[PDB]
Structures are given as C-alpha cells and as structure tokens.
Amino acid sequence: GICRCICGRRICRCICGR
C-alpha cells in the first residue's frame with residue numbers, strides 16, 4: 001500500500017510493498 005521512492009541523483013526506485 002505504500003511506496004518508497006529511493007533516489008540518488010536522478011535515478012530513483014519506488015518500491016511498493018504493501
């Protein structure tokens with residue numbers, strides 16, 4: 001239900017688990 005947008009400079013990864 002929630003996402004975690006992990007970003008560095010401009011690349012990001014939005015991991016959505018629950």
# chains A, B, ... in the order shown; residues from 1 in each chain; ligands from 1
call {"tool": "residues_around", "arguments": {"residues": "residue 14 in chain A", "least_positions_apart": "2", "cutoff": "7 Å", "atoms": "only C-alpha atoms", "output": "list in words"}}
result
residues 3, 4, 5, 6, 12 and 16 of chain A
call {"tool": "residues_around", "arguments": {"residues": "residue 2 in chain A", "least_positions_apart": "4", "cutoff": "9 Å", "atoms": "only C-alpha atoms", "output": "short mmCIF file (atom, residue, chain, number, x, y, z; two decimals) with N, CA and C atoms, in the first residue's frame"}}
result
data_model
loop_
_atom_site.label_atom_id
_atom_site.label_comp_id
_atom_site.auth_asym_id
_atom_site.auth_seq_id
_atom_site.Cartn_x
_atom_site.Cartn_y
_atom_site.Cartn_z
N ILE A 15 9.85 1.43 -4.63
CA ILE A 15 9.46 0.09 -4.27
C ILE A 15 8.17 0.13 -3.48
N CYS A 16 7.18 -0.52 -3.99
CA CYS A 16 5.88 -0.54 -3.38
C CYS A 16 5.64 -1.92 -2.83
N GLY A 17 5.46 -2.01 -1.54
CA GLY A 17 5.30 -3.30 -0.93
C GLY A 17 3.88 -3.54 -0.53
N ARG A 18 3.43 -2.85 0.48
CA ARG A 18 2.08 -3.02 0.95
C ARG A 18 1.38 -1.68 1.09
#
call {"tool": "select_by_dssp", "arguments": {"residues": "chain A", "states": "strand (DSSP E)", "output": "list in words"}}
result
residues 3, 4, 5, 6, 7, 12, 13, 14, 15 and 16 of chain A
call {"tool": "decode", "arguments": {"residues": "chain A", "atoms": "C-alpha atoms", "output": "short mmCIF file (atom, residue, chain, number, x, y, z; two decimals), in the first residue's frame"}}
result
data_model
loop_
_atom_site.label_atom_id
_atom_site.label_comp_id
_atom_site.auth_asym_id
_atom_site.auth_seq_id
_atom_site.Cartn_x
_atom_site.Cartn_y
_atom_site.Cartn_z
CA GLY A 1 0.00 0.00 0.00
CA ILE A 2 2.95 2.31 0.32
CA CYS A 3 5.86 3.08 -1.87
CA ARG A 4 9.37 4.05 -1.08
CA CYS A 5 10.96 6.19 -3.68
CA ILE A 6 14.62 5.84 -3.14
CA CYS A 7 16.55 8.40 -5.11
CA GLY A 8 20.16 9.12 -5.70
CA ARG A 9 20.95 11.87 -8.04
CA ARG A 10 18.13 11.42 -10.53
CA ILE A 11 17.61 7.74 -10.67
CA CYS A 12 15.01 6.51 -8.33
CA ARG A 13 13.33 3.32 -7.44
CA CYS A 14 9.94 3.36 -6.00
CA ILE A 15 9.46 0.09 -4.27
CA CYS A 16 5.88 -0.54 -3.38
CA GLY A 17 5.30 -3.30 -0.93
CA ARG A 18 2.08 -3.02 0.95
#
